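One chain is shown next in structure tokens, namely the form deposited in one PDB entry.
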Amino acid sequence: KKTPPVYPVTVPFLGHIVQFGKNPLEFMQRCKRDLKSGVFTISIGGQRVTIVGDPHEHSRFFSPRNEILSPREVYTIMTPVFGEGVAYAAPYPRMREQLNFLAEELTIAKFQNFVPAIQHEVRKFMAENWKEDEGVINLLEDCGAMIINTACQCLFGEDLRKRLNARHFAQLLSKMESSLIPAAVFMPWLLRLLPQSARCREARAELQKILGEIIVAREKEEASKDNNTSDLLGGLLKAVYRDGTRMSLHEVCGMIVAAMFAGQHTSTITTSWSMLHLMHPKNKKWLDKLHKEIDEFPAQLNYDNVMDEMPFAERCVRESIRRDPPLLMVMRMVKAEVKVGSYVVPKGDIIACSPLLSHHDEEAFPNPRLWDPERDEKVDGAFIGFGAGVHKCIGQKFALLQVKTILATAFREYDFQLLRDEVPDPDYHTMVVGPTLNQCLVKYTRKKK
């Protein structure tokens, strides 16, 4: 009934906060290499943090119920973003229902309009921003704009996109977002109630009231039948809890924020990496192979084109998430003892499973730093870029749609070149990890026939 060994702590209260904050990949690896155990504990803020660094053992982390292993305590930090009693802040039965309602809004049934809607906004953005035959842009920054744009198009009804537009909205997000401090989960007391938080306060409330407005409007056009609007907001209003109740404005607001917040960063980063590797000259063959798959498409693309007819592109995307998972760490609060291989993990520990670590296990992913889209996880379940089990990603399919879609539209109507020797080094200093902002400059060369 014993622990994984604990890495030596040079200074107790810090634990390993420094070498962790500086390069968590190198660090966690060494812990692994020296400890010689995939599974090991580290001290951060004097907090037992046991990382599951063995691909075989993932099922352990993901399979267990929240009651046994709970996200909530860990993920409190979102609550201001999402709201009181929204998602994790909410009781698990409810949070589940909410997540489900959302998940339904993101099934492939809804996707019918999306590919065209997304392609439109990308072509808009390009023409307004890539006006010249050549030119230089920040790829991470542009992609960010393309994502929030194409998303709103995808999940926002006309009227809502009238009162509220993508660029502004992005601004609102970042405003609520700037509020976050990552340290906080492990040490939640730092969250107990913080300067811009008010902005998240105001950022959110502003949004909320806009909607509260929007709703009143759409209620009084059912009489007409004027529009049958089934955008994300639509669905959420038509949802009913089991107990027969409905979602209060706040919960609706929370769930839309959460939806948009997640995709925005995770997706824009994914897009960016993916393009980068492809652009790079070493990756010619892959770039060429990409083409062999999208050259023979009509300019206007449909659903069949993207899911069923771009297997490979999707490989590039997944490989990109494999090499540099946007979310380094997933976590639970061990609320009861759990077996993990030959070890046990004590109620009260903090238990994590790191895509970042796992994606660089050699058994599973030899030479991980190599971006090889045609590589296949050597150990089943190794890849966890979208997590697994109960709490696996719901946005996964929609995201793949957008990134895949964006890749096709951009590359089809453009070429590209990295303004550097080598693909950008990730920047581990952000809550969600993306390539380093300053190096994401590149030259766009238009194409013509």
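Superpose the two forms; the largest set of C-alphas matching within 1.5 Å is the rigid core. Position 1 is the first residue in the sequence shown; the rest follow in order.
Of the other compared PDB entries of this protein that include residues on both sides, at least a third leave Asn227 without atoms. Where coordinates are absent for parts of the deposited sequence, a chain break appears; between neighbours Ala109 and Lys110 there is no such break.
Taking the PDB entry as given, 41 to 49 carries the higher mean Cα B factor of the two stretches 404 to 412 and 41 to 49. The stretch with the higher mean CA B factor, choosing between 32 to 40 and 382 to 390, is 32 to 40. Residue-level inspection of the entry shows that, of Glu177, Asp142, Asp133, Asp372, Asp133 has the top Cα B-factor. Of the residues listed, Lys339, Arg123, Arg72, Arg323, the entry assigns the biggest Cα temperature factor to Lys339. Ranked by C-alpha B-factor against the other modelled residues of its chain, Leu441 falls in the middle third. In the deposited entry, the Cα temperature factor of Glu319 places it in the lowest third of its chain's modelled residues. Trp286 sits in the middle third of its chain by CA B factor, as recorded in the PDB entry. Placement of the Cα temperature factor of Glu222 within the chain: highest third of the modelled residues, per the deposited record. When the CA B factors of the chain's modelled residues are split into thirds, the value for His265 lands in the lowest one.
The form deposited in another entry is left out here; the points below concern that form.
In the core-aligned comparison between the shown form and the other one, the C-alpha of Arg199 is the only one from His280, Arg199, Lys289, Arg315 that shifts by 2 Å or more. A movement of the C-alpha atom of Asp380 falling short of 2 angstroms is seen between the shown form and the other one when the two forms are aligned on their rigid core.
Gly15 is among the residues whose C-alpha shifts by 2 Å or more between the shown form and the other one once the rigid core is aligned.
After superposing the rigid core, the Cα of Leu35 is displaced by 2 Å or more between the shown form and the other one.
Contraction of the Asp427-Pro12 CA spacing by 3 Å or more is recorded in the other form, set against this form. Expansion of the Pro12-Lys347 CA spacing by 3 Å or more is recorded in the other form, set against this form.
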